[PDB]
Every structure is written in structure tokens, then in C-alpha cells.
Amino acid sequence: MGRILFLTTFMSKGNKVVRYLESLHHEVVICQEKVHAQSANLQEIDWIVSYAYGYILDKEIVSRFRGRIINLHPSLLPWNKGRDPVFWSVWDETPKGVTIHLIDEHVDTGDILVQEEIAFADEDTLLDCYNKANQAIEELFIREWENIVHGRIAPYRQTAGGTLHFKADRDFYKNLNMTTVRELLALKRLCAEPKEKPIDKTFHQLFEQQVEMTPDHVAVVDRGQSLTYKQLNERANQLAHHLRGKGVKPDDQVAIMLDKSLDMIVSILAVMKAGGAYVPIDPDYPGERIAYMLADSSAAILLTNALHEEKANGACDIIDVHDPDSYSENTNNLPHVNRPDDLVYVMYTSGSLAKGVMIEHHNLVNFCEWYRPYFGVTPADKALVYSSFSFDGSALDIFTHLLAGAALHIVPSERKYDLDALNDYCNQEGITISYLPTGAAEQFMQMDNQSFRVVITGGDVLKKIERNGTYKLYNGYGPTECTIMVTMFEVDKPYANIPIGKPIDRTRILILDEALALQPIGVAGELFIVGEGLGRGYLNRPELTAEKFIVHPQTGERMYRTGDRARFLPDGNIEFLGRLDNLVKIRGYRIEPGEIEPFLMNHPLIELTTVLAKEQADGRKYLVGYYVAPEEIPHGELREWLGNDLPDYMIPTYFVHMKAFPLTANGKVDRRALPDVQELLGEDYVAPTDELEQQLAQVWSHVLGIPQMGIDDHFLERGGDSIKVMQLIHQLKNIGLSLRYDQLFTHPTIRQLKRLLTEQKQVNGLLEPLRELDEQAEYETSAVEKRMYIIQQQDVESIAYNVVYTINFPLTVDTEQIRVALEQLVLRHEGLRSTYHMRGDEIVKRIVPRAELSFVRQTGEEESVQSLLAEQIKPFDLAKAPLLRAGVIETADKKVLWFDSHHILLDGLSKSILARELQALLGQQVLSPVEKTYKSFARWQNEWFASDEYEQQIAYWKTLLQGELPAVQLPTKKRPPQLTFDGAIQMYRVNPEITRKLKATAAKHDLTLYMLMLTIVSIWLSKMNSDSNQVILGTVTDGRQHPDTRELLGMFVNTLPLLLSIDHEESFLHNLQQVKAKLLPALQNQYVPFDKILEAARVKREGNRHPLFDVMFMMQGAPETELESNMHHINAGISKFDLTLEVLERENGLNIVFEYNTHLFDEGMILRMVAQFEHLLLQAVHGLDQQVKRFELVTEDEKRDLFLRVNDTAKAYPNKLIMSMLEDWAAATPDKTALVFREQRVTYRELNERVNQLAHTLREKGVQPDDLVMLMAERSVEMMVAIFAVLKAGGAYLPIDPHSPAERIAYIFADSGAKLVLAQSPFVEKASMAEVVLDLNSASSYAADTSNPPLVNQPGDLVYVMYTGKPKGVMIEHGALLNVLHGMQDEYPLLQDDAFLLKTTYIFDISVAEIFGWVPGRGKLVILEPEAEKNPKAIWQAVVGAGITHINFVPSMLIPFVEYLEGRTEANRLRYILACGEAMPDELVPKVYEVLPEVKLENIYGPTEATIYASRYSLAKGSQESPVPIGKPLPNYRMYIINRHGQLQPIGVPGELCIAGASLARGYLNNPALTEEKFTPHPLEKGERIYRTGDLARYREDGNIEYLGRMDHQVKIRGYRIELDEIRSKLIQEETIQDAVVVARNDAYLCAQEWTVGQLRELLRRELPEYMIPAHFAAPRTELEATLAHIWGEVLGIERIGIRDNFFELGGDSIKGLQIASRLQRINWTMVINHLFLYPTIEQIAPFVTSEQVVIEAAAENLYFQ
Ligand SMILES: *P(=O)(O)OCC(C)(C)[C@@H](O)C(=O)NCCC(=O)NCCNC(=O)CNC(=O)[C@@H](NC=O)C(C)C
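X-ray crystallography is the method the PDB entry states for this structure, with the resolution given as 3.00 Å.

### Remarks on the domain arrangement of the protein chain
One frequent convention defines the size of an interface as the accessible area lost when the parts assemble. Per the domain assignment, the segments making up the protein chain are domain 1 (3–170), domain 2 (691–757), domain 3 (779–927 + 934–939), domain 4 (947–1122 + 1147–1193), domain 5 (1611–1668) and domain 6 (1679–1748). Centre-to-centre separation of domain 1 and domain 3, based on C-alpha positions: 34 Å. Contact residues are listed per partner, giving 17 residues for domain 1 and 11 residues for domain 3. Summing the contributions of domain 1 and of domain 3, the shared interface buries around 1,200 Å²; its carbon and sulfur component is 44%. It is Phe10, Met11 and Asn131 in domain 1 that bury the most area against domain 3; as a group they hold 36% of the surface buried on that side. Summed over the shared surface of domain 1 and domain 3, the result is 1 salt bridge. Put simply, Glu861 and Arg83 hold a salt bridge, and the shortest N to O gap is 3.8 Å. Taken together, the links from domain 1 to domain 3 amount to 6 residue pairs in polar contact. Among the elements that line the side of domain 1 that touches domain 3, the one with the most residues is helix α4 (residues 126–149), at 4 residues.

### Quick word on the state of the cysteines
The final tally for this structure, using the stated rule, is 0 disulfides. Summary of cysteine pairing: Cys482 is not part of a disulfide, and the nearest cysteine sulfur, belonging to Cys368, is at 16 Å.

### Describing the sheet that holds strand β32 (residues 608–615)
Read from one edge of the open sheet, 3 strands run β32-β33-β34, paired in mixed fashion. Of all the strands in the sheet, just β32 and β34 (654–658) have a single pairing partner and so form its edges. Averaged over all pairs of adjacent strands, the angle between strand axes in this sheet comes to 25°, irrespective of strand direction. In the sheet, β32 pairs with strand β33 (residues 621–628) via 8 bridges, with the strands oriented antiparallel. In the sheet register, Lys614 faces β33, and the bridge partner there is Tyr622. Sitting on the sheet, helix α16 (residues 635–643) touches β33 and β34, and the angle it makes with β34 is about 110°.

### Section: the environment of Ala1210
Counting through the fold element by element, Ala1210 comes out in the loop between α33 (1196–1205) and α34 (1218–1228). Judged by its relative accessible area of 64%, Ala1210 is exposed. The spatial distance from the C-alpha of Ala1210 to the C-alpha of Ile711 is 68 Å, given a sequence separation of 499 residues.

### Let's talk about the pairing of β32
Counting buried residues in β32 gives 6 out of 8 residues, a clear majority hidden from the surface. Following β32, the chain reverses through 5 residues before pairing antiparallel with β33; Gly619 in that reversal takes a positive phi of roughly 125°.

### With respect to the pattern of salt bridges
What the rule picks out here adds up to 92 salt bridges. Across the salt bridge formed by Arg1719 and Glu1690, the nearest N and O atoms sit 3.9 Å from each other. Taken together, the residues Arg1719 in helix α47 (residues 1710–1722) and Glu1690 in helix α46 (residues 1679–1692) connect sequence positions 29 residues apart. Taking the shortest distance from any N to any O, the salt bridge between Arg1700 and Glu1739 comes out at 2.5 Å.

### Let's talk about the site of the ligand
Close to the ligand lie 20 residues, the nearest being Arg787, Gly908, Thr1055, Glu1142 and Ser1710. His903 places a side-chain nitrogen or oxygen 3.0 Å from a nitrogen atom of the ligand. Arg1101 places a polar side-chain atom, nitrogen or oxygen, 3.3 Å from an oxygen atom of the ligand. Starting from 780 Å² of accessible surface for the ligand in isolation, the protein chains cover 92%. Put simply, the parts of the chain that give the shell around the ligand at least two residues each are α21 (783–794), β36 (802–809) and α30 (1090–1097).

### Section: the sheet that holds β36
Through backbone hydrogen bonds, the strands of a sheet pair up, either in parallel or in antiparallel fashion. Across the sheet, which stays open at both edges, the 5 strands sit in the order β39-β40-β41-β36-β46 with mixed pairing between neighbours. Every interior strand has two partners, whereas the edge strands, β39 (854–859) and β46 (1127–1130), have only one. Strand-to-strand twist in this sheet, taken as the mean axis angle between neighbours without regard to direction, amounts to 20°. Sheet analysis places strand β40 (residues 884–890) next to strand β41 (residues 895–902), joined by 7 bridges and oriented antiparallel. Paired with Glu890 across the two strands is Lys895, which belongs to β41. The strands touched by helix α22 (residues 815–828) within the sheet are β36, β39, β40 and β41, with β39 carrying the most contacts at an inclination of about 160°.

### Points about the packing of aromatic side chains
Following the criterion strictly, the structure yields 66 aromatic pairs and no others. Measuring from ring centre to ring centre gives 4.7 Å for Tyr371 and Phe375, while their planes differ by 55°; the resulting arrangement is tilted. Residue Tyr371 and its partner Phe375 are located together in helix α10 (residues 361–375), separated by 4 residues, close to a single helical turn. Ring centres of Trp944 and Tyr1087 lie 6.4 Å apart, and the angle between their planes is 90°; on these two criteria the pair is classed as edge-to-face. A residue pair is termed long-range when its members are at least 10 positions apart, and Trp944 in helix α25 (residues 934–944) and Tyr1087 in the loop between α29 (1068–1084) and α30 qualify at 143 residues. On the basis of relative accessible area, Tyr1087 is assigned to the buried category, the value being 13%. Sitting above the plane of the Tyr327 ring, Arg235 keeps its charged end 4.3 Å from the centroid. Sitting above the plane of the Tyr801 ring, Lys1136 keeps its charged end 4.4 Å from the centroid.

### Observations regarding the packing of α34 against helix α36 (residues 1277–1289)
Where α34 contacts α36, the two axes come as close as 9 Å, and the packing angle between them is 105°. Here α34 is positioned roughly perpendicular relative to α36, judged by the angle of their axes. Judged by residue contacts, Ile1218, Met1219, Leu1222 and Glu1223 of α34 engage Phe1284, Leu1287 and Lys1288 from α36. Of the residues that constitute the contact of α34 with α36, the class distribution is 5 nonpolar, no polar and 2 charged.

### Description of a negative patch on the surface
A grouping of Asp418, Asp420, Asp424 and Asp448 is seen on the molecular surface, where their side chains present a negatively charged patch. Assignment of secondary structure puts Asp448 in the loop between α13 (438–444) and β20 (454–457). Exposure remark for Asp448: the relative accessible area of 52% places this residue in the exposed category.

### So, the environment of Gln210
Mapped onto the elements, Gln210 comes out in helix α6 (residues 203–213). Overall, the relative accessible area of 17% leaves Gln210 in the buried class. Spatially, the C-alpha atom of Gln210 lies 20 Å from that of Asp263, the residues being 53 residues apart in sequence. Setting aside chain neighbours within four positions, we find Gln210 in contact with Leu402, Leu403, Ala404 and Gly405.

Criteria and thresholds
- Residues numbered from 1 in each chain as written, not as in the entry; some residues may be left out.
- Heavy atoms only, no water.
- Residues with missing side-chain atoms left out of burial classes, pairs and counts.
- Domains from an automatic or database assignment.
- Contact = heavy atoms within 4.5 Å.
- Buried area = accessible area lost by both parts, 1.4 Å probe.
- Salt bridge = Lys/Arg side-chain N within 4 Å of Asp/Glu carboxyl O.
- Polar contact = N/O pair within 3.5 Å; in protein donor to acceptor, adjacent residues only side chain to side chain.
- Helix = DSSP H or I, 4+ residues; strand = E, 2+ residues; numbered from the N terminus.
- Disulfide = S-S within 2.5 Å.
- Pairing = 2+ DSSP bridges.
- Axes fitted to C-alpha atoms, helices over the stretch in contact; angles between N-to-C directions.
- Buried < 20%, exposed > 50% of the residue type's maximum accessible area, 1.4 Å probe, protein only.
- Near = heavy atom within 4 Å.
- Areas by Shrake-Rupley, 256 points an atom, 1.4 Å probe, with all protein chains shown as cover.
- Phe/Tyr/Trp six-rings, centres within 6.5 Å; stacked < 30°, edge-to-face > 60°.
- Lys NZ or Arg CZ within 6 Å of the ring centre and 35° of its normal.
- Parallel < 35°, antiparallel > 145°, perpendicular 65-115°, else oblique.
- Nonpolar A, V, L, I, M, F, W, Y, C, P; charged D, E, K, R; others polar.
- Patch = residues over 30% accessible without salt bridge, like charges linked within 9 Å, V, L, I, M, F, W, Y side chains within 5 Å.
- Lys, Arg positive; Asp, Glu negative; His and termini not counted.
- Charge placed at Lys NZ, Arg CZ, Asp CG, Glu CD.

Here it is in C-alpha cells:
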């Protein structure tokens, strides 16, 4: 032992490490603050252990305790030294690990003691990586601390190079903690600084270079006149000489007021050559505007003519461009005075006076030097100067193409607006490339153009892509402040939101938040531009330039504040989402009107769309949808068209039809000339006509929050939920009318609702208030409160039903104001002051006046917040208040408020109420005191349980949940024997777009979003349950039966079992309506407690699963407060059920949370399932009229992973047929041993020559290719001589067992119709009814010619016909046999020194692998004596004597061969024992490797219709494979597992195995019907055939297939499939291995050296589920067991309970355990309820618990009053 000073600052004081040190009987002194060398915290201490310790230790301390200071750093030092190490281990892509090192004078550079390499998953979030890393360094310390303190570990120095980081180095990569590793590394590439050459040129320099390259090329074309490059250059130099002499210096602002002409191009280049920048002034601008631009530009010279000279009013030195005295005689290039950082132009932006944007030379050059190579601009191109020279569009028109040698065509403003004339000019002049603004483009795309090859657009949101031309379409984005454009996208596909593209050269785009921090990919934010497009700024306006042109506080880079919202897509392109301020609020919903335009244009008749937001003086804002179409479209039609996938507040109130959209002169839609409309409520508004219709409309207005409802307005499509329907019903009770929850979906408008209720009379008393209970000592609990109490008492140390939520606050929030407000809520709500105790056998509640809240204040870092939180999640004692612990973890950037409650208090609605009231109290707002208490509701409901309605509702579940309920066997792992509540979480986010389509679809078809998701979940579960027609799942309801309990803090949620049906042969919409028809009756009987529902159903209690259902589907509405939207639910590693799906509406989308049992599902299994749910969800929302059968579960990524891991087996194999190999080999090695029968040896030559003779004798009998001759012979050399001779002649051999009954051979005589029969002498008389019968033992049936007969067979000719219920003839071709032989030879090679054993009967295909397995490789075939296959002695004698290396065994016959060999030590040459014919016992693998080491046991599978084999799995000496897979396909084999509808099944889901490839059979002989049934073409093979095996099989994660039995011989007990092999193995593992086999009989029931009677059930109970226990195969001892029998019997209701009786079998539940424990406490016995689940028998549990509470009698006995 020794004293240890534990130094931690951002970790806790009670960590696993400290407690482990205390467990070793150490004294751990913990200091969370600074320590000075003279601090008493440094005396008598032997070690110093640091762990997330802020502050650096003093120098004297490091030297004084040298070798005794130990730090726990969560990194693989030397990598990521310092702060935030785990995050930097990912972002900098460094090695991952953890290090226990020594402390030196520097930051984590000391010598290492131990180090471990941890691995992060790409799909793990950063927070997941933090927990994994911090746990690894803690467990490593627990593992090595003793080896350190005892000096058993030698410190080693660090490998040289690594990384160091500090505290503020992550303040930009925040907001990224929930982002996965792959998505983080992607955002890195998409937003990290790339490595390029700078710009050392100006435009005139580059233009003067191109002028020398294409001097005589036409440069500008105005009217019919033209100008070449040299002529343009010389005319500009003349004017620039005159300008520079007048007094133009760099950074001057010479203005130009000319119309589009040649003189404009000359003028522009003259200013730049002189040295200045040109300020374009439109000659048509107002006079005051012209003067402002001149005054602001500070221009002394004006380049105008005589038409626009008087528009200056003596404002500058006018230089007429038509006066010859304005041009010099110098046509030589001027001397250069400019720099790449000089102004080139100043264009003004009238964003409403204008602002002069200043652009420099290097900005334009970077754009021009990118434009030319991007679009391939050649000197052969033609572009038009379309845009006015007062906009940056003309810069792209003029400057980008002049640097490429192209020709500019000046567009007269007389045209330009006539897009028909522009298409003419473009066609008759061959214009190839140009830039058209968005509005003009979308109108030009309706023109027949053949000249353009590239058309670029940009300015407004581009939507239309359908064009009448062969030109490529490009979309661009960019503000004038950043040159012209910064991103470019090629419009290839149709897009809803056409991307603005990827950044251009020397330009980087960043999507940031309001704090200028990096947003994750997909999350929107402000577009920030960085690169060589950023100009100097605004002219004479430095304040605004500092506002938009900012330097980054963390990157030091100059950025432009675009003010636009955008998001990065995964591909790399940027998607424009709108302006950050142009968001309008319609019906209280902030929307972007531009999101509606793509849906309206998708209408078949609308070709142009623009949605505008207009306002009325009253305040209300309305959307107007302007559309261009051939004629008008009905208003309702447009409301229907948008209603298919848009909510109501985004459906415009008014629609305006237009012939053509007005365009501004800039090329954009006018958006101000668009006609106006008019306070009307629309055309679909029908006002109430009766008193009841107005009464209902006001109730509808109150619930849905919409004023002036319509008679034909749909409740669900205007915001109605389930709670809104129940509100409507309750508000109608106050009126006096009764509406059922189902009648709303059948009457979803006020019109129909009136017709239903107008015949009803107002009844009083329909809504009774809740009576407030008078003051009492104790209060009775509710049924759900009792149930939560019963659950917690099973394991009184469980956190499964603990409710943890965290909220991240800014550091400005007073931590005490939170505590104060939380302490107010403890007073306001009696639930926070309620304590639950037990009075006898009754659970009661007691309210306490005041309770003390636990508010722990801590300090932590980002990589410790979770582990600081995880230790605060401790069990609750339901007898102690406040039942809610809280606290605040303060980091350097946030304050994490946390609280932990119990589900007996905090349900879903209680969390929303608590967040609402905390946000009010934190806002210093008043809180009107509460009015009702949970004690009142409990009494109300406990009384309602004795009503008549309750008896009606309990009959619904008794008449429904009784019978053989559905069985959902999800593809899980092996179910643990007990119950596991260990779990994890995976999340799937549905984007806001699909979320709208899901909601709009549900509303359109009288459904809620919950009903729609429930069907998708039901279909998802059904398809995983082998396409079941019925499923069972669970859900949760609010449980607020009395309407006065919606503001109370308590547990109300009730659990409902949902029995649903899915018809795969019908549409999604059909199943959607039938799901509603099964949910609504359940919601009408929803208030029966779940424990009573189970009892009424008379359900089992199988310990491997949960009652009634195993999967739960929950849905919570959107957050009502902002404090609620910023809350985070914590799982803490608990899964209450096998799988839970919760759909949470967050941020206009859907966050679907997958809570799963970690013992039943892996991370990869869940990742496949969340991807399959998305696959079905997208398939369904886009396939409503489609049948559910046509939806596929497997994803394209799973289809391609299954191919690569399984069906990628193609390998080119030689086409030399097996006969030609015997010829080729015999000629090479003629006297080498080929056959060995008994003690005689045949050589290749002897075999070949003997085979040749019988071949010639066969040819003269009419043996032609694809002719069949039957064989009746036993194991001999003649059989081998026969078989090979059949093939040499050209035919195929048909094996016929010679000892077959005459009826069988007659059948195969008829079906084959074959005439020839090669038989042995004892069987010639059996072939009596043939034609040509030859005795193989008579030299008459042989000939003299030892010559090899000619080759007459082709790779597609039949080689044998194996017969298999009347047998059928499987026809096998040559190349089929050649492929399985080459594959087996490539896998299990038989070489020259190796051999085979002929032991399988030739009426079995496995024999063929022995008949021919030796020919490739030139081995030998030892022919086992006939009937010796049953004698393992004779078998063994052969392998030892002949050196047999390849042997085939049926698993049943390998058992007697593994025996006998037990003990024998004779040497062996065996190499492969290939097993096939039946399922391999899991116990045989070790038995084989024990008796015969060095052998390689291999399990092979293959039907006769796939030659011989098809799949193989190599068993290893590890002996750990319980499934015993049949394996993966062989070379050029492909296997598929399909469902009942022909779809590929995913991993784990069972289906029918199917085969495909080269070694497939040609078909059944004389049975084309069966050939068409079992050999079918399939889209998986692209029209090629597949063989239906008829065997059930499942895919494994490895890829190896598992044999599940024949589909027509499948055993199912109560729906669940039975694996009878797993039953026998669990029965054989005992000592008495009688090896009894289990089989199923029908009465359907399972039946199967010890007097085991019913005790074997107890053995098969702790390993197998009750549905896989074979049905057919009182002695209380002490006073304790005698007592236990009485309490059990009295509670369970059973008489004479004996020990060794299963408590749960006797009807036990977690409720009856609490009763049994309660009765036992009053007699001072102590039983733990969890022990009942571990020791379900009395003799088992009586010692393992049932301790006594010691009673004493003393203290003060005698008193003496002095
Ligand atoms: P015993 O186990 O032998 O007897 C059987 C019974 C019926 C007693 C027992 O098995 C039982 O009660 N089963 C049902 C338990 C159940 O349904 N628990 C679910 C409770 N609801 C939730 O966990 C989720 N509800 C919420 O409101 C959460 N919202 C989101 O998570 C809150 C935590 C906010």
C-alpha cells in the first residue's frame, strides 16, 4: 500500500481509477486545484497519478517525485500531445490509442510505461470516440497499475515525431461533436486549405500577349463592321496614350458613359492601359444618379460621345470618342505602370444611394484564367456582349473571351429583349458560348438554337433545365464583391434545388454559423468566400467594408460575408438555400417562398414559376403563385398538385396565370411588375351557414390555432394531430356533443362533422371536473405508478427507467438562477415531493412539504463531460424525494445543465412542461400556481377501473390478444438466457423535404404521420420476419384520460400492444388504411393498464423475450419551447426492449432513434437495418399505389457487398475435357499407377488402352453424342473402364445400382428410353428389357483397337445423368463437370504423389468427384472393395496402405470412422476429409481433429442439379462454429437467397437458396415442366437461369451460407421456427450422451443412463426457449422452504407447491415477486426479487437469499429513579 495524490481538474473525484486504487487498500488524496511544492498535499505520498489535470505541475515537484508522477493521456503519444487529444487524433488523421506515461518538464513528452492501440469506427461520432478512449485509459490503468508500482515495467522513450495541440486550437471545429468520423474527415477535405501559383499579370498584359498570338483574328463585331485583335489593341493604345498624358495614374477612376459599341471596348482597354480603372455609367440613368457616380468615383475624365456629353453638366473633362484629337498617333503598347493589385473597375451595386464595389486586376485575371480552360474557349468561339457594362456580367462577356482569341458580338439593346431575334442572330452567326441571366435564360431555353455549345446562367435561382438546343447548361453563383462568380455547376440531371456548384480556381467556400464556426456538411449557414476573388471593398465606405470583408478570428483569412444561406452536399457541390433575412412568417411558420417554385413548375403545364410574399395592412402575409402556362389552371388543381408533398402554410393562397413573365433590363424577373391581387380567405373558404357550424369552427380555431375556419377545411391537413383530436373531442364535451376518435377521420371537415352532430342533443355533465383529494397521511398510487414501482424493485440498483436530459447553456447564465428555479419547481409540483412506500401489499404515495434538491457543480472539458455525467446517473430510492438530481458542468465554452429523474415522475409531457416553466422562470417570468394534483387523477382512474366502460375495454384485449399471436423472429443474435437491458443508440435523420412529403401524404389520405410511420415500421418488421402477413409491436400513449391533467408533472404513459396485418399483395395506401382500422379500436380501449392487458390475454412469460411484443415504436411531437428543442435525451447504455424506434420531430425534419439490445444486435447489424428502413421509407413515400411485395429491403450497397464478399468467384478454367486429359496423361506417363483395386494395379496405358477398346465396341453400337447408356456394375476396374469408355465414344453414363429392385430399373429404363446397357456378368439378365446389353467381363464386348478413338464431344455435351417421389434424371454436361473439378482441384489439389478412394455409390454425385478427381494432377484412384464402405477398418487399411490423401465422408459415416481411429496410431497421408450429404454435427469437428490431426476437415454443399458441389467452408481446429456453415460459392459459382416474391434476402433473413453459374445442370430428362419450375431465369443473373434448391438458408456477416433445412419440412412451434439440431446439442452436452435425436409429430408437438423425467426440461430451460423445449420426452425440507411454499402458493394460487417448481411456470411475474417478497418481510425473511429470475426454484433460492432480519432485545433493561 501507499499514499497517492490523484490530480484531476476536468475529471471527477470518484473515477473508476480512484475507486480501483482504494480497492487495493491505498489512501488516495485527491486535489482538484493547483499544488505548490510546499503544499501539505505533497507530504508522505509515494505516487502521484494525474488524469485530465489542468494546470502544469511545478518544476521542483517533477524532480522531487521523478519516476513517481504518472499521467493518463487518451492518445498514442507521441501523437496528439496536449489538449483535446481525441478530436485531433481524428482531424489530423493520427494513430489512435491511449498512453500511461511519466510526467516531465514538458507537455506529455515524458517516457511511456504502457500503451494500447484503440480503434475508432468511421460511423462513430466524436463523442462516441471520447467515451471509448477514456474507458480504454481507465481499464489499462486497472490492468497495469500493479505491474507499475512493483517496478515490473521498464519506461521507454517516445518515437521521435508526433503532434502537439493547445486549448483554443479547437474553438473553430466546435459544433462538430455529434458528427461521425467519416463525415468529419469529409468536411476536412471540402473545407481545408489546398496547397498554386499566384497572379503576377494584369489584364492588359495578358490581352497584349493574346493580341500577338491572334493578331488578325476578329475580336469585336459591332453592326456589320468588325475589329481584329491588333486593330483593337492599336486603337486602345492611341486613346490610352492620350489618357495617360492627360494625367491618368494607377488607381484612377476614369468613367465611361457610352452605349454598346466598338468604342466601348476601345475605351475600356484604354483606361487599363493608361493605368486606371473604368467606372461604367449607363447613358440612360437618371441625371442625379449619373452625377452621384461621377462624384463618388472622383473622376476627372469622362469617356463619352456627343449624345451623352450634356448628361454630365460640366462634371468632368469630357473626351469625345469620335473626335480624332482624342486619339494619339502612337499605336505602340504603352509602358506598364500597373501591378496585379491595382483597381481594374468600380461597379456600383444598387442594393437600396449605391455603393461602388472595387475590383482589382488579380481578381479578374484569376477568373479569366479559369474561364478559358474550364469551358475550353478557343480562338474559334463566338460570344455576345449581352449584359450592360454597368454590371459584372459584361466583365465575363468581354474579358474572359478576349483572353482566348474568341470574337465578341455587340448586342444592340434594340434586340436583347426580343429573345426570338437573339436566337436568330446566334444561329446565323454561330455564337458558341455566352452568359445569360437566369430570367432571360429560362425564356431562351424555349428557342430552337443550334449554335450554342455552352450557355452559363446565374443571378436568380435557376429551375428550368429543359432546353431546345444541344448546348450544355451551367449554373453559377457570386456577388459583385467577389469578382463575377465563385462557384460553377453543370446542370446535367434535373434537380429540385439546382446546385450552385463547387468553388473555382484559388477560391474556397466555407459554410459557417453566427459565431463563424465550421458547420457540419448538410447543416446550413452563411456562405463565406475566401480566395483571389475578394476585391478591395466598397468605395468611400470603410465601415461597411469592415462589416462584409472580415478577417477570421481563428483562421486569419480574409472572408466575404455574403449574407446568403447555403449547405454543402456530400458530393462537394454547394446548394443555395436562400438569403439569411428573406424569411417570411405564414401562419406562424418561417418559410422560404423559393422552396415552393420547384414543385409548381413540375406541373405538366407550368413552364415558369415565381412565388412572392405580399402583405396586407392588417398584418397578415399571403403568398401569391405566379405561373406561365399555355392557358389557366384551376385553383383547386394547383392546391391539389402542391398538396401532394407540401404542407398547407406553404400552399399559396392565390394563383396568378401569366402569358409571359416580365423581365428587368438586367435579365431577371421583374418581381414588381407581377400583377397584384387583393382580405379574402381564398376560394376554398366556405363560411359557416348554421349555428353549429360556427360553434364547431370556433372550437376548431381554438384547438388548431387558425382564425376563421372553413366548412371544407381538413382537420389533419391544417395541423391536426392525435392530441388535437382529443382536444377537439374534449372541447366538444364542454359544448355537449360527443364525438368518437374514429368519427373524426371519417368526418374530417366541419361540413361532415355538422351532419354527424346536428342530430345530437346537447347533454350536460359530459365533462366532470377532477375532485381534489382531502389531506391524508398516505395516498394511493396509480396503476402505472404501481407498475414502475414493481419494475424498480426487481433490481433496486437499476438505471433503466432513469430519465436523463442535458441542456447546454451559454456561460452568461447564472448557475444559481438555474438551481433556484429548479428548487421552485420542486415546490410547485407535488411529484417532485412525492415518495412511494408499501403499506402491506399496497404501493402508496406520500407528499412531503419541502424537499432538498441535489445540485452538483463541476468543472470539465469537452472530452470528459459525458464521463462526468455518467457517474451522476445513480439509482433512485422511490421512498425518498425529490426524485430528481441535477447539476451544471462548466467547460471553457458552455455550461451543461443536467438532470436525472425517474419514469415514475417524468414522462414525455412532463418534460415539455418542465422545459416550458424553466424557460419562463429563467426569463424572470411569473408562474401561476398549479390547480390539480396527481393524487386526484389516481383516485379518479382507480375508480374508473370499476366502471362498465373498463369491462368493455378489457374485453377488447381479451377477444383480440387471445389465440396464437403472431411471432416476430427478427434476425437477431443468440438470445441470452436471462434478460439483458444493455443497449446502444443509432440515429437516422429524415430531411425536411421528405418529412413534408410524409406529412402531406398522410393528411391527403385521412392519416396521421404516426399512422404512416407505423405502417412503414410494420412493413419493415414483416419483411424481416420472412414477409409475414401479421406483426405484433408496442407503442406508448399519453395516458391523460382526464382533460385536467395536461399541465401536471407525473407518469401517465400507458403501453399498448399493436396487432397489425400487412398484405404484401396490396398497395401501401391499402395497408395504410387497414393499419388505421386496427389502431383506432386500440386507441378506443387505450386506458386499460398493460399488466391487466397481459393478464386478459393469458400470455406466457418466456425469459428470453419480453411480454406480448419485443419491438416498440414511439413518436413524440415537436418541441413546444426553445429550451425543449435544445434538450438532449441520454440513453446511458440501456435498452428496455429488444429494439425501440422513436421518431422525434426536430428542426423541420425527423430524427428516428434506434435503441437496441447490444447482446442481440451488433453495430453493423443495426447500421444495415437503419439503412433498410430508409430504403423502404423512400420507396413507400414515392410508391403509394405500388404493392408492398415490390418494395425491397436489401439496399444496393448491401447487394454489392454481398457480391464482393460472396459471389465474386469467376475464374477462367481450361476447356480440355476429362477424357482428353487421360489420353494426354497416359501418353506422358504410360506405366505410372492409375488405378488400384484390392492388391492389383492398373497403369495409365493399360487403363487407356482397355478403355479405347470398349469405346470402339460402343461406337459400332451407335454411340453418338448426347446418347445415354446405362451402367449396372459394382466397384471394380471394369466400372472405371466402362465410365471412361462411355465418354470416349461420345455418350453419357447413367448409373444404376445393380441390386436395385426390378421396378426401379424398369422406371429408369422407361424415362431414359436408353437402349444400351453396359452391365457386369451377374446383372446381364437384369438388363433383359433393353436392346444392346454387353457383359463387361466378356472379351466379346471389347475390341482389339488400342487406338484412342476420335474426339466427338463438345464442352456442352452430356457427360452423365444422375437420377434422384418418382426419381428424375439430372442431365450434367461436360464443361459443368470440368468447372467443379477444376475448382476442387484448385482448392483441394490432388497431385501425382496423391490419391483418392472410391467409396461412394455411383448413384450418388459425390462419387463422380472421386471417379474423376485424380485425372487432373495425374494421381491414382484406389478402388475400395464393394460393401467395404461400412467397415471403418477396411477404409482405414486403404488410406494407410495406399497413402490416400483425399477422402469423402458423409457426416453420419464419419462418426464410426472417428471412432475406431480413437486409439489407432498408424501413420497417415490423409490431407482432406471432404464432408457432404447432410448437416455436420458441431461436435464432430473436435472429434475429427483429435483422432486425425493435420487433416483439414471441410464441409461441402451442393445439389445434384449443380453437378456435385457448389459451396464449401473450411473448418479449423479452433472448433467454435455452431452454425457449421455450408460456406461460400466455389469458383464460377454464384449463390442467391431469395424470398417468396423473388427478391434477394439481406444478411440474417432466411430464404430459399438458389444456384447459378457454369456448373449448372442442363435440366431434367423428359421433364420440361420440372425443368421450367426449378431452373428459372432471374434478373439477378440478367436473364440467365437459377436453380431453386428448395432448401432454406441464411446469409451470415462473413458471407458463408447456413443450411436451415428444406422449406417443405420446416418445424414451427407457435409460429417460431424450431432448430432441432440446437435442441439435441443442448441435450448431448451433458454426461449421459445417449445422443437422442428430437423430431416433430402431430396431435403439432415436439417429442424426443439416468432417470431424468421432466428434469431434462430444467436442463433445456437455462439454454433453450420454451417454444424449443420438447413437450414429450412436494417435498419441503426445512422450515424456510416450508414457509416459502405457503407464500408462493397463496400468491400464485397453486396448492401444494413443491421445491424445484418453476415460479414463472406456476404463473409468476414481477408483480407476484414483489408480493412474495412482501409476505416474506412481515415474517422477517429477506428475499430479493431479482433472485427469482436467477433461482426460479425454492431449493435454489432458499439459500441464495431468504436471509433473516436479526431481532434483538436489550439496550436499557432496568431503570432506577435516583
Ligand atoms: P413483470 O416484468 O414480470 O410484469 C410485466 C409488466 C407488465 C409489469 C412489465 O413487464 C411492464 O410493465 N412492461 C411494460 C413496460 C413499458 O412499457 N415501459 C415503457 C415506458 N415508457 C418509456 O420508457 C418512454 N416513455 C417516455 O415518455 C419517454 N420519452 C422518450 O423517451 C420519457 C423518458 C421522456
